[PDB]
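Residue numbers (the entry's author numbering), protein chains in the order written: chain B, 8 to 375; chain A, 304 to 367, 394 to 670, 737 to 793, 802 to 939; chain C, 17 to 34, 257 to 364.
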Ligand SMILES: O=C(CCCCCCC(=O)Nc1ccccc1)NO
Ligand SMILES: [Ca+2]
Ligand SMILES: [Ca+2]
Ligand SMILES: [Zn+2]
Ligand SMILES: [Zn+2]
Ligand SMILES: [Zn+2]
């Protein structure tokens with residue numbers, strides 16, 4: 008039925024500048040919000056301003072030294088932290104820009120507030136598109152991410168929920184979140200990703216966990232050019248089996264949009280409808296769900312995808328015609344909500360997918 | 304006994320090599336030294352004999394720091410784990426502490442240049458160009474709003490208190506960086522003096538900063554309007570070409586893939602694979618065809634015949650008698666072979748040229764069917780989308804371009820045929836033809852990019868199919884044998900006429916004893932025609 | 017090659033007043271052919287990877303579990319013995335190599351290996 012979905016947005020998130028020519032652009036969130044305003048989706052949704060997360064809420068997973076470095080480093084004093092900058096992997100790939108700590112605070116606070124809201128049972132759906140940074144490690148920055156807010160949100164969720172299930176449909180492997188919970192059975196991480204000469208270079212079929220957390224981490228490696236039909240054919244049965252064996256109490260869904268066709272860094276061939284089919288499938292199971300952002304580097308497609316999933320979570324149907332908005336010219340020349348795929352070859356043959364699915368099923372049957 | 308000798312004989316025969324066989328011997332010898340248990344022995348021998356159930360059953364009867398995964402390494406035990414201040418009980422009991430996973434790669438970055446057509450790079454560049462200007466503009470506008478709000482607050486209080494009002498480094502906003510960033514961008518090196526003036530004496534300094542910011546905002550807005558005008562008709566020129574990932578590869582790949590030698594190799598390789606399988610003695614019946622293709626519509630057949638006739642009728646080097654002969658071959662004999670004039740089959744014995752012609756004709760028919768199906772799908776999707784979007788309350792459930808009418812959507816396919824005819828005549832340029840096809844069929848248009856050449860190829864085959872006595876003798880032999888009914892007939896009567904069919908094949912062997920002989924079976928089923936070709 | 021970036025960055029600038259198993263060159267299945275060990279098919283259906291220890295060609299999908307990407311280095315086919323040696327991962331590669339070379343000088347040994355096979359084969363031990 009129709010339920011309540013808390014929405015977290017801070018007006019200042021769109022202004023933070025990663026640098027010239029850097030693929031990561033917070034501006035996308037702003038455009039997404041703008042689209043939500045011009046479809047009239049603010050009336051059926053509750054919008055909150057996320058509180059900034061103190062360093063004390065970040066040091067629950069990150070070391071105090073790394074957080075102190077993040078809070079201290081500025082573009083005008085890069086000379087006095089060079090060694091530290093080498094140590095914490097802050098530099099070329101993850102640059103130091105103006106107000107990066109405030110960006111991390113807002114992104115983390117949105118997801119932490121959503122997790123607290125879900126714990127208090129004031130809602131069964133919280134959305135934070137500023138979140139979804141899953142590559143950050145305990146004491147280092149990786150993959151354009153500085154603070155791992157997914158781990159902090161799950162740590163907040165664990166205070167009331169015995170089992171938390173995390174699902175990752177970003178094209179990259181969520182190594183930070185999987186590594187944070189590699190040896191525990193209270194969190195199982197499902198990741199669908201491209202594998203083979205690709206960042207971060209982890210997430211093999213045989214990475215199934217360690218110690219007490221064995222068989223509680225599943226990875227589906229893929230090839231170039233997966234499309235909507237294959238993704239739908241292999242996502243629904245695997246998630247159904249995971250939910251029937253694991254029986255979780257809360258779900259955290261990472262909705263990274265770099266797995267769509269035409270992405271500046273991705274290789275897949277999904278569309279907005281096929282991407283949001285996963286949201287529909289997850290929502291079918293009626294669990295406290297926390298939807299997060301993530302990757303996505305073709306800015307217009309990110310806006311389209313995230314506004315469509317926000318509409319889907321509200322059980323609202325929106326027209327295929329884009330309404331007039333502040334960033335309308337981004338969406339030319341068609342000005343449609345849905346996107347068309349390319350005709351790139353799908354290298355994932357049916358036998359490959361069947362074999363990987365069978366291996367995953369046999370791995371899942373071993374849970375107690 | 305001799306059973307063990309026979310077993311070893313068949314295994315070294317089936318392994319087809321000495322090195323793999325010797326690896327098997329190394330396995331069994333390592334077992335013989337009592338280092339291998341029986342179950343472990345069979346689990347090691349399973350790779351060698353996993354595809355021969357008989358051999359596997361016979362062998363079973365005869366018998367009667395640490396690292397995990399692939400990318401996780403154990404942390405040192407004597408390693409000073411970085412202390413954390415917020416660790417609660419769940420933090421200690423849940424968080425991983427012993428494995429660290431090292432990225433198993435070094436390549437810095439390649440994005441996806443492998444699959445990013447130059448037309449997707451222009452779109453990316455235009456996007457980043459838009460984003461830079463937009464982010465600067467919106468930072469300026471947010472700072473303008475913040476200063477307007479603080480000025481409105483200031484104007485409402487007592488004049489003896491205004492000189493006592495001050496601002497911090499957030500400058501009235503919720504961020505300590507953004508407003509200073511905007512002021513720095515506006516004022517260059519003089520930014521710190523203006524910032525100190527704003528913090529110390531807001532009353533006199535706010536309006537002048539607001540005026541400067543507003544003037545810069547207006548100038549940047551008009552510049553952005555001009556840049557928006559320029560950025561358009563680059564998206565228009567790049568969008569449809571960015572989604573078509575195969576045209577550049579497809580043109581050359583298809584211009585090669587249709588040569589006679591390539592078609593011959595495509596079946597010679599399959600014949601060699603089947604011959605090797607027969608040599609190894611694997612369980613495969615010796616009656617399956619090497620290649621199988623499907624024709625799913627007769628209308629596509631007469632459309633293709635009409636296209637080929639249209640091209641051939643405008644040929645200067647083909648004489649009127651040859652035009653008539655090709656007409657009889659194309660509109661009479663070929664439909665008879667496909668039985669246009737269940738479980739009813741036709742048998743045909745052909746040389747190289749007829750095999751080439753059949754391959755090319757099947758390719759053309761399949762492509763025409765693909766285009767037709769795409770047009771039908773487009774029309775259906777448009778009608779369904781119209782019906783769906785008509786019934787939409789949108790948010791109540793708590802310029803642009805004019806899409807074509809339905810009539811154009813259903814007339815796309817005849818328009819496509821007219822376009823193919825125009826291209827064949829040479830009245831339309833290949834570039835305009837390709838652009839119209841792309842705008843008509845989006846990402847499935849490339850299927851028709853090299854049609855004319857294909858038709859040309861087919862034409863040549865037809866012409867040669869008249870000039871070579873072997874081909875006319877082949878068709879005459881088929882007709883003479885069909886007059887007896889041995890070549891092709893009902894499926895059940897096969898065993899009734901099988902010996903007679905053998906005679907036909909015999910004659911084929913004595914008519915093309917220096918040339919490849921092809922057995923072609925046309926099987927009709929549920930409105931489709933399956934053409935199965937096997938090389939003798 | 018006219019890009020708008022220079023004009024935008026100037027307009028926004030601060031006032032700083034301071257071998258054999260592969261397709262031929264034209265693209266053709268080489269003849270005679272070598273086939274996959276699992277399906278007995280050539281490179282036409284899919285590219286073949288060649289084991290560098292034994293002359294066994296394989297398909298990326300015909301393996302179990304299938305390979306996701308091309309192996310960049312030296313790859314080991316699943317039809318060798320060093321896999322059971324890999325069960326114990328503590329020992330280094332030099333000892334493994336010396337153990338293998340302990341049987342690399344009398345490679346035929348056909349009489350003695352059939353003899354050991356029948357010697358073990360007796361149901362009642364001697
Ligand atoms: O989307 C991501 C992060 C992808 C990180 C890819 C790192 C390599 C890279 O492309 N770096 C880069 C490129 C241009 C400019 C600066 C850094 N995770 O989900
Ligand atoms: Ca993923
Ligand atoms: Ca786990
Ligand atoms: Zn990603
Ligand atoms: Zn194979
Ligand atoms: Zn090998």
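We treat Cβ as the ideally placed atom computed from N, Cα and C, and that holds for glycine.
- Contact annotation for residue 122 (chain B) against chain A: no contact, minimum CB-CB distance about 13 Å [criterion: below 7 Å].
- Around the CB of residue 394 (chain A), fewer than 16 other CB atoms lie within 10 Å, so the residue is classed as exposed.
- Neighbourhood of ligand 3, defined by CB distance below 7 Å to any of its heavy atoms: B:188, B:189, B:191, B:192, B:194, B:195, B:196, B:216, B:220, B:223, B:224, in chain order.
- Taking 8 Å as the CB threshold, residue 287 (chain C) stays off the interface with chain A.
- Residue 512 (chain A) has its CB no nearer than 7 Å to any heavy atom of ligand 4.
- Within the model, the alpha-carbon separation for residue 766 (chain A) versus residue 758 (chain A) is close to 13 Å.
- Boundaries of the beta strand (DSSP E) harbouring residue 227 (chain B): 224-229, taken from the DSSP string.
- DSSP lists A:933 as the bridge partner or partners of residue 623 (chain A).
- For residue 609 (chain A), the enclosing alpha helix (DSSP H) has its first and last residue at 589-609.
- Within chain B, the residues 67, 68, 162 have their CB atoms less than 8 Å from the CB of residue 420 (chain A), given in chain order.
- Annotated as distal: residue 12 (chain B) and residue 224 (chain B), with beta-carbon spacing of 8 Å or more.
- For residue 757 (chain A), the uninterrupted alpha helix (DSSP H) segment begins and ends at 747-785.
- The beta carbons of residue 334 (chain B) and residue 85 (chain B) sit about 33 Å from each other, so the pair does not count as a contact at 8 Å.
- The way I'd put it, the segment 308-328 of chain B doesn't touch the segment 242-257 of chain B; fewer than three beta-carbon pairs between them come closer than 8 Å.
- The segment 311-320 of chain B makes no contact with the segment 234-248 of chain B; the number of CB pairs closer than 8 Å stays below 3.
- Under DSSP, the beta-bridge partners assigned to residue 428 (chain A) are A:403.
- Assignment of residue 198 (chain B) by DSSP, reduced to helix, strand and coil, places it in the strand class.
- Residue 822 (chain A) and residue 932 (chain A) have their C-alpha atoms roughly 28 Å apart.
- Residue 111 (chain B) is positioned such that its CB atom lies no closer than 8 Å to that of residue 149 (chain B).
- For residue 23 (chain C), the three-state secondary structure derived from DSSP is helix.
- In the DSSP assignment, residue 135 (chain B) falls outside any alpha helix (DSSP H) and lies within the beta strand (DSSP E) extending over 132-135.
- DSSP lists no bridge partner for residue 18 (chain B).
- With the criterion set as a beta carbon lying under 9 Å from some beta carbon of chain B, the segment 320-332 of chain A has no members that meet it.
- Membership of residue 271 (chain B) in any beta strand (DSSP E) is not indicated, and neither H nor E is assigned to it by DSSP.
- At a cut-off of 8 Å between beta carbons, residue 276 (chain C) makes no contact with chain B.
- Inter-segment contact for the segment 53-64 of chain B and the segment 117-129 of chain B is present: three or more beta-carbon pairs are separated by less than 8 Å.
- These are the residues, in chain order, with a beta carbon less than 6 Å from any non-hydrogen atom of ligand 6: C:289, C:291, C:292, C:294, C:315, C:317, C:318.
- Taking C-beta atoms as the reference points, residue 520 (chain A) and residue 472 (chain A) fail to come closer than 8 Å.
- Checking the 7 Å criterion, the Cβ of residue 346 (chain B) is out of range of every heavy atom belonging to ligand 2.
- Distance from the C-beta of residue 211 (chain B) to the nearest heavy atom of ligand 2 is not below 7 Å.
- With a cut-off of 7 Å, the C-beta of residue 272 (chain B) is classified as near ligand 1, since at least one heavy atom of the ligand falls inside that distance.
- Residue-level contact check: residue 296 (chain C) does not touch chain A, since none of the beta carbons of chain A fall below 8 Å from its beta carbon.
- At least one heavy atom of ligand 1 falls within 7 Å of the beta-carbon of residue 151 (chain B).
- Straight-line measurement puts the Cα of residue 259 (chain B) at about 41 Å from the Cα of residue 24 (chain C).
- In this structure, the beta-carbon distance from residue 444 (chain A) to residue 274 (chain B) falls below 8 Å.
- Annotated as distal: residue 770 (chain A) and residue 836 (chain A), with beta-carbon spacing of 8 Å or more.
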